[PDB]
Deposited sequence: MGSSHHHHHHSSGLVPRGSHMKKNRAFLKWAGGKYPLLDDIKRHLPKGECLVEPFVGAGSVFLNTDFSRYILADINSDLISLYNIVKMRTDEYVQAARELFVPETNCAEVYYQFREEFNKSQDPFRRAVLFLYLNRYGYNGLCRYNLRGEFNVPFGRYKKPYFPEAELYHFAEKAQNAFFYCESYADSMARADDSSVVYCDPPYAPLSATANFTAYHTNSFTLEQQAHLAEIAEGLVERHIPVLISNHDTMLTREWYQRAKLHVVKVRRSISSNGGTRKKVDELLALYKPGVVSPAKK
């Protein structure tokens, strides 16, 4: 399996084989919650539409795509032993938050992802990244993963927008895979948004556009995805397949 170059939630390498098992074939894959892009990186659609509400993420992806060698050379300079200390980390974090240059921000974003606590991406309400130092022994520089991402990205378009807007880009030749923020385990991304996502999926499948949604397997998700074909993986993971008729 191909690895994402970012530490990120939703890395589903165990679930990847299961996702692909239920992901229909098509010309184009639409991912409204692309995240680290594990599915994009491990499928073979002719083209991709990849979206996320995180603007730093989407900016980074197009920079890696379009300015690959330049980016790798710049980012690699930050993965040295001298940068692995709290004082340096918090200054790079400040530089990131004060920068208005997309390229420099994208370079620092990778450093912060690998040197910060548990690959978290957390902002305050003013849009400032505020994840603390991770105190790792030796962070890994994902050079190979970066180049593989860039190569695959030649057939992808990236959009910073919410799920409703990106799902509207789907057409008859599209397949849609949704990996929303997880629903609550026991009985931000709101419950209303969770239900709304399902409503959009129902609209798409009526237009003969297949939609696959992954989430926790709870009574609430089963109610949301009640019009889909439900598959349980291995709290368990739920795969909701909206499969068009004939």
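Missing from the model, relative to the deposited sequence, are the stretches 1-22, 210-219, 267-280, 293-298.
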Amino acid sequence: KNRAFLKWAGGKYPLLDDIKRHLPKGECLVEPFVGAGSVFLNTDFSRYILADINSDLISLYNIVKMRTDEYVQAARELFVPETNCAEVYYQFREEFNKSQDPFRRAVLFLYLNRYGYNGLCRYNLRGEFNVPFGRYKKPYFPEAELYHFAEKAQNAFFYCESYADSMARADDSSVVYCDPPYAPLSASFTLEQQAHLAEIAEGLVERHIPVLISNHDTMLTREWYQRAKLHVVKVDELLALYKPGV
From here on, numbers count along this sequence of modelled residues.
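Of the other entries compared for this protein that flank it with modelled residues, all give atoms for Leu204, so not even a third lack it. At least a third of the other compared entries skip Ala187 while keeping the residues on either side.
Looking at mean Cα B-factors across 103-111 and 79-87, the upper value is held by 79-87.
In this entry, 198-206 shows the higher mean Cα temperature factor of the pair 198-206 and 61-69. The PDB entry assigns its highest CA temperature factor, among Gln193, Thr218, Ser38, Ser55, to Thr218.
The deposited CA B-factor of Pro32 belongs to the lowest third of values across its chain.
Placement of the Cα temperature factor of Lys98 within the chain: lowest third of the modelled residues, per the deposited record. The entry lists a Cα temperature factor for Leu6 that places it in the lowest third of the chain's modelled residues.
Among all modelled residues in its chain, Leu185 ranks in the highest third by Cα B-factor. Per-chain ranking of the deposited C-alpha B factor places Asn130 in the lowest third.
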